[PDB]
Amino acid sequence: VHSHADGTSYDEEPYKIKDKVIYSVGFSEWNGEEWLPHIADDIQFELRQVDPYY
Amino acid sequence: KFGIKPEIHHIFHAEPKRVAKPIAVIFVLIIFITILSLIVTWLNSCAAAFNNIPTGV
Ligand SMILES: *[C@@H]1O[C@H](CO)[C@@H](O[C@@H]2O[C@H](CO)[C@@H](O[C@@H]3O[C@H](CO[C@@H]4O[C@H](CO)[C@@H](O)[C@H](O)[C@@H]4O)[C@@H](O)[C@H](O)[C@@H]3O[C@@H]3O[C@H](CO)[C@@H](O)[C@H](O)[C@@H]3O[C@@H]3O[C@H](CO)[C@@H](O)[C@H](O)[C@@H]3O[C@@H]3O[C@H](CO)[C@@H](O)[C@H](O)[C@@H]3O)[C@H](O)[C@H]2NC(C)=O)[C@H](O)[C@H]1NC(C)=O
């Protein structure tokens, strides 16, 4: 998901030229029997148009 | 081709420069002098001589 810094979602207030957003994701790993949490030190986020910006 | 890649950031632009407020108070004071000079100069001479007052119906 991604949203404003506050509770309001993107749909209710579409983004201006500059302000504060956040971004979150979640992972899971299967060892044969159950799904367990997967812990990895590095993952990365990219905000690109045609050329990475962030 | 499959290692880690270095994190980067963005570089904004500087805002336009505002002027310090202890000058603008002086100039709005000067304007407030000049307008009262205008009203005093109208009431001094023969210009604002209220003599055709339209009383009646
Ligand atoms: C009309 O349509 C045109 C075509 O669709 C639009 O043109 C495009 O514009 C964009 C930007 O306006 C151009 O991107 C440029 O590319 C230049 C060129 O570099 C060279 O590129 C060739 C390929 O063309 C490549 O083979 C060479 O090796 C060489 O790199 C580049 O110098 C610019 O900096 C930018 O490139 C990147 O920009 C993005 C973010 O903008 C980053 O992902 C990337 O790292 C890179 O550099 C950044 O520079 C930023 C400021 O310049 C800075 O904020 C970033 O931090 C970043 O890295 C910096 O690097 C400097 C010095 O290296 C350091 O001091 C600093 O600390 C930091 O490390 C694009 O190429 C162009 N396309 C074409 C086809 O020409 C046009 O915009 C549009 N007109 C409009 C919209 O009016």
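Protein sequence lines, in the order shown, are assigned to chains A and B. Counting from 1, position 37 in the first sequence corresponds to residue 343 in the numbering used here; the numbering is continuous, with no gaps. Counting from 1, position 36 in the second sequence corresponds to residue 42 in the numbering used here; the numbering is continuous, with no gaps. We treat Cβ as the ideally placed atom computed from N, Cα and C, and that holds for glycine.
Shown in chain order are the members of the stretch 312-325 of chain A whose Cβ falls below 9 Å from a Cβ of chain B: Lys324. If you look at A:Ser334, you'll find it isn't in any beta strand (DSSP E); DSSP assigns it neither H nor E.
Less than 8 Å divides the Cβ of A:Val327 from the Cβ of A:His310.
Identification of chain A residues near B:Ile10 by a Cβ-Cβ cut-off of 7 Å yields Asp348, ordered along the chain.
Taken through DSSP and simplified to helix, strand or coil, B:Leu35 comes out as helix. The three-state reading of DSSP puts B:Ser43 in helix, counting H, G and I together. Partner residues in the beta bridge of A:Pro358, as assigned by DSSP, are A:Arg354.
Neighbours of A:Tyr360 in chain B, taken as residues whose beta carbon is under 9 Å from its own, are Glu13, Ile14, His15 and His16 in chain order. A:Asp312 has its Cβ no nearer than 7 Å to any heavy atom of ligand 1. It is roughly 37 Å from the alpha-carbon of B:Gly62 to the alpha-carbon of B:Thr40. In the DSSP assignment, A:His310 falls within the beta strand (DSSP E) that extends over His308 to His310.
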